[PDB]
Amino acid sequence: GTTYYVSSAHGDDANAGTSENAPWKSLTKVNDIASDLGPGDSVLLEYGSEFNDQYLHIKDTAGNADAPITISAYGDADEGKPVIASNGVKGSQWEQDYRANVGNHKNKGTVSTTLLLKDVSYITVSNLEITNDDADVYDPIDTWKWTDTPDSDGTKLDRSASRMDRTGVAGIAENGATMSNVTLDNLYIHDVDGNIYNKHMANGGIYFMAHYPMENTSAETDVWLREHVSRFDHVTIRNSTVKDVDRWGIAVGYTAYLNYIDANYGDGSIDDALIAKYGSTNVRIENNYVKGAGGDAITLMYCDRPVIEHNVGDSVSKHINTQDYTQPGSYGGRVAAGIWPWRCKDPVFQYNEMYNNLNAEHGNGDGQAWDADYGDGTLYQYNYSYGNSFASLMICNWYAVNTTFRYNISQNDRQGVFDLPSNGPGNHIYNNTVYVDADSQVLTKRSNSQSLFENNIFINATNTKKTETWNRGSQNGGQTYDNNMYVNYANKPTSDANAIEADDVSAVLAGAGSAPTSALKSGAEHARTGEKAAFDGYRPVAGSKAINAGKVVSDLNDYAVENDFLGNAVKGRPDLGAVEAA
Ligand SMILES: CC(=O)N[C@@H]1[C@@H](O[C@@H]2O[C@H](CO)[C@H](O)[C@H](O)[C@H]2O)[C@@H](O)[C@@H](CO)O[C@H]1O
Ligand SMILES: [Ca+2]
Ligand SMILES: [Ca+2]
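- In the nomenclature of the PDB entry, the protein is known as Lacto-N-biosidase of Bifidobacterium longum subsp. longum.
- The deposited PDB record carries the title "Crystal structure of lacto-N-biosidase LnbX from Bifidobacterium longum subsp. longum, galacto-N-biose complex".

In structure tokens form, the structure reads like this:
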């Protein structure tokens, strides 16, 4: 196929694209033929290019497995990624309509979008910087702090509830058919000043969503919509930084087809066929950095077996507070968690890091790193949480079930490591190493529900043998413990007749508490091995009453144990906590 070229300083729209010598000036000419691309076609923007009050929309087209369509950059990276900056002009705006009720949320209206991919399959977007900046909204995360008075620091927000929604990248399936093999690589999406409140408009750094193509008006429409489903397959977002956005950081899969998925909640478990038909399959979220979202960092919605891995979340829920979240209406949502799933089936979050989820002190009713929310089979394993304002993990309400949370490290997470408010049964916390300071404890004050702790290292990182509340409530069999190491505590649970008490954390681990306090400047995950390994602190020491003292464990939700936090194999007698020792 063909390849067109663009340069904001050269080009001249009266050119021809096709060759690097002869490019276009603006994206006007690219909008014009986007919809006629094109398996093996490509469009490329020269590093250093700055396209203001501009946008790229692209509708109803495809490559194929042989050859994707490709949107990207060309020649001498050390120039600046090419910047697309819509500034939410009229031309970026389109009319979003789920064409179905999807909860107490705005589900229809005008949305500004810098890069829209509306039913485009077999495409790959690359090495692009994307803004959707209001000049009249300024509140950067790098400099953010809590103030007695709103906007008293040279910052300014539009707290209007009817503020227009804005996306960096929106991905939209509304033809009653699969959108597939879409790929976002690199991308620096930042300063996307959307609506502070709206959870399910295309409002945030990157949002992928599905709509009914028609509103469901009759028996005959219902017959049709059951079998013709807008949905995603083989979506992959990776190596990207989403920073300073409102509201969501990265969201994929919210679908009008939840009117089918959530038809029979009861018991809480999610049928495979149902999620595969109506939901979104082969979703990968990979090696990204989310910093300073207004709300949640990363979320997978209505996804069949997604893979969320090697991502870094940092300092989100920036606008989830009483100063900024002033006009919630009847919608609520003054509430956010870090990296989590919503009505997914057997997802896997792994090798991720989550720092400093904000404002649980200032009106964020959540504030956790992780949230096994409604849905089934959630898997968190090999994740590090640090310094979050309210817990490492929540397991949320009646229809959150069958969670496994394992070989993870919580460090200085605050107001309790484990939040269990009325969650459903089947959850298994095991083999995690939790460092619990004087701002925290093991369980949140509001916990009252099921979990089964086994093979964990619970560490009292205060200056006194603590008498802890290990049990609040008895909903779905309350919290039961067996085979856990308790360090520097004055007690244990009345329900762990196989306890392993220890007295000093220095005789148990190499250097507890010394894991990182902030994401790396880059946004990358921390090294776990080699010169720069930043988790060595949590390796047991020669002679730890933690070596070989875990019982072999029958993961309640049929998940095969495989390796520890650091990834070395776990065979034989499992070493207590999340690390094994060479
Ligand atoms: C059960 C519950 O209320 N859970 C909260 C989550 O809320 C749901 O979020 C989904 C998002 O797809 C949708 O908006 C639904 O209508 C909401 O109830 C969510 O807010 C989560 C993260 O902060 O917290 C839970 O308390
Ligand atoms: Ca701005
Ligand atoms: Ca402020």
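Moving on from the coordinates now.
1. Focus: the overall build of the protein
Then, number 1: Each helix and strand in the protein was counted, giving 4 helices and 42 strands.
Then, number 2: Rg of the C-alpha trace for the protein: 24 Å, near the compact-globule value of 25 Å for 582 residues, within the 12% margin.
Then, number 3: If one aligns the C-alpha atoms of the protein with their principal axes, the spans along those axes are about 80 × 60 × 50 Å.
Then, number 4: Buried positions account for 62% of the 582 residues belonging to the protein.
Then, number 5: Across the protein, contacts joining residues at least 24 apart in sequence account for 77% of those joining residues at least 6 apart.
Then, number 6: Side-chain charges of the protein comprise 44 positive and 76 negative groups, with the mean position of each set lying 4 Å from the other.

2. Overview of the pattern of salt bridges
Then, number 1: Applying the stated rule across the entire model yields 32 salt bridges.
Then, number 2: Note that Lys118 is salt-bridged to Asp60, the shortest N-O span being 3.3 Å. With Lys118 in strand β8 (residues 108-121) and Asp60 in strand β4 (residues 59-62), this residue pair connects regions lying 58 residues apart in the sequence.
Then, number 3: Among the residues examined, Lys118 registers a relative accessible area of 8% and is labelled buried.
Then, number 4: Through salt bridges with shared partners, one network takes in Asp134, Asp158, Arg163 and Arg166.

3. What about the packing of aromatic side chains?
Then, number 1: According to the stated counting rule, one finds 34 aromatic pairs in the structure shown.
Then, number 2: On the basis of an interplanar angle of 10° and a centroid distance of 5.3 Å, the ring pair of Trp342 and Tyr374 is categorised as stacked. Of this pair, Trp342 sits in strand β24 (residues 339-342) while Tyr374 sits in the loop between β27 (370-372) and β28 (375-376), placing them 32 residues apart in sequence. Of the two residues examined, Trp342 and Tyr374, each falls in the buried class.
Then, number 3: Between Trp370 and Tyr380 the ring centres are 5.4 Å apart and the planes differ by 50°, which places this aromatic pair in the tilted class. With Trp370 in strand β27 and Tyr380 in strand β29 (residues 379-381), this residue pair connects regions lying 10 residues apart in the sequence.

4. What about the site of ligand 1?
Then, number 1: Of all residues adjacent to ligand 1, which total 17 residues, the nearest are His105, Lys199, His200, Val335 and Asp366.
Then, number 2: Here a nitrogen atom of ligand 1 and a side-chain polar atom of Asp373 are 3.4 Å apart.
Then, number 3: Surface burial for ligand 1 is 81%, taken as the share of its 540 Å² of free accessible area covered by protein chains.

5. Concerning the coordination of the calcium ion (ligand 2)
Then, number 1: Around the calcium ion (ligand 2), the donor atoms from the protein are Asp133 (OD), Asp134 (O), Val137 (O) and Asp193 (OD), and they sit 2.3 to 2.7 Å away.
Then, number 2: Motif for the calcium ion (ligand 2), donor spacing along one chain: D-D-x2-V-x55-D. Of this pair, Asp134 sits in the loop between β10 (129-132) and β11 (165-173) while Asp193 sits in strand β13 (residues 188-193); the two residues are 59 residues apart in sequence, bridging distant segments of the chain. Across the pair, exposure class does not vary: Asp134 and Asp193 are buried alike.

6. Describing the state of the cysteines
Then, number 1: Per the counting criterion, the structure on display carries 0 disulfides.
Then, number 2: With no disulfide of its own, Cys396 lies closest to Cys344 among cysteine sulfurs, the gap being 14 Å.
Then, number 3: With a relative accessible area of 11%, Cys396 lands in the buried category.

7. Re the pairing of strand β15 (residues 231-238)
Then, number 1: Summarising burial for β15: 6 of the 8 residues are buried, a large majority.
Then, number 2: Of the pairings in the sheet, the one linking strand β12 (residues 178-185) to β15 comprises 7 bridges and is parallel in character. Paired with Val182 across the bridge in β15 is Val235.
Then, number 3: Sheet analysis places β15 next to strand β18 (residues 280-286), joined by 5 bridges and oriented parallel. The residue of β18 that forms the bridge with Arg238 is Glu286.

8. Comments concerning the pairing of strand β1 (residues 3-6)
Then, number 1: Side chains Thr3 and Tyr5 project from β1 onto one buried face, and the interleaved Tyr4 and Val6 project onto a second face that is buried too.
Then, number 2: Pairing of β1 with strand β2 (residues 42-46), which is carried by 4 bridges, proceeds in the parallel orientation. Looking across to β2, one finds that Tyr4 is bridged to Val43.
Then, number 3: Since β1 and β2 lie parallel, the crossover through helix α1 (residues 28-34) that links them has a hand, and here it is right-handed.

9. Concerning the nonpolar core
Then, number 1: In terms of nonpolar packing, the biggest core is built from 106 residues, with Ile71, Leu117, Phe208, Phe418 and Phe458 touching the most fellow members.
Then, number 2: Here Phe418 is in contact with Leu393, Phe405, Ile429, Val434, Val442, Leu443, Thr444, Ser447, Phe453 and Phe458, once residues within four sequence places are set aside.
Then, number 3: Counting residues in hydrophobic clusters, the runner-up holds 32 residues, among them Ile459, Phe535, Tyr538 and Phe565.

10. Topic: the side chain of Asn456
Then, number 1: As for its placement among the helices and strands, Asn456 is situated in the loop between β38 (451-454) and β39 (457-460).
Then, number 2: At 3.4 Å, the side chain of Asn456 and the backbone nitrogen of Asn431 are in polar contact.
Then, number 3: Leave out the neighbours within four places in its chain, and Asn456 touches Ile429, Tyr430, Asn431, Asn432, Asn483, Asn484, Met485 and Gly577.

11. Re unusual backbone geometry
Then, number 1: Cis rather than trans, the peptide bond between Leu37 and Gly38 has omega equal to -10°.
Then, number 2: By the secondary structure assignment, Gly38 is in the loop between α1 and β2.
Then, number 3: The residue after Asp246, namely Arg247, is reached through a cis peptide bond having omega -5°.
Then, number 4: Here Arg247 is to be found in the loop between β16 (241-246) and β17 (248-255).
Then, number 5: We note that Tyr122 has phi near 45°; this positive angle belongs to a residue other than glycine.
Then, number 6: As for its placement among the helices and strands, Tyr122 is situated in the loop between β8 and β9 (123-126).
Then, number 7: We note that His234 has phi near 60°; this positive angle belongs to a residue other than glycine.
Then, number 8: Mapped onto the fold, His234 is located in strand β15.

Cut-off values and rules
- Residues numbered from 1 in each chain as written, not as in the entry; some residues may be left out.
- Chains lettered and ligands numbered in written order.
- Heavy atoms only, no water.
- Helix = DSSP H or I, 4+ residues; strand = E, 2+ residues; numbered from the N terminus.
- Rg over C-alpha atoms; globule rule 2.2 N^0.38 Å.
- Buried < 20%, exposed > 50% of the residue type's maximum accessible area, 1.4 Å probe, protein only.
- Contact = heavy atoms within 4.5 Å.
- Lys, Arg positive; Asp, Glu negative; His and termini not counted.
- Charge placed at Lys NZ, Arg CZ, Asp CG, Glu CD.
- Salt bridge = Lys/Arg side-chain N within 4 Å of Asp/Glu carboxyl O.
- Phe/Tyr/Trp six-rings, centres within 6.5 Å; stacked < 30°, edge-to-face > 60°.
- Near = heavy atom within 4 Å.
- Polar contact = N/O pair within 3.5 Å; in protein donor to acceptor, adjacent residues only side chain to side chain.
- Areas by Shrake-Rupley, 256 points an atom, 1.4 Å probe, with all protein chains shown as cover.
- Donors = N, O, S within 2.8 Å, 3.2 Å for Na, K, Ca; no water.
- Disulfide = S-S within 2.5 Å.
- Pairing = 2+ DSSP bridges.
- Right-handed = clockwise from strand over helix to strand, strands pointing away.
- Core = buried A, V, L, I, M, F, W, Y, C linked by side-chain atoms within 4.5 Å.

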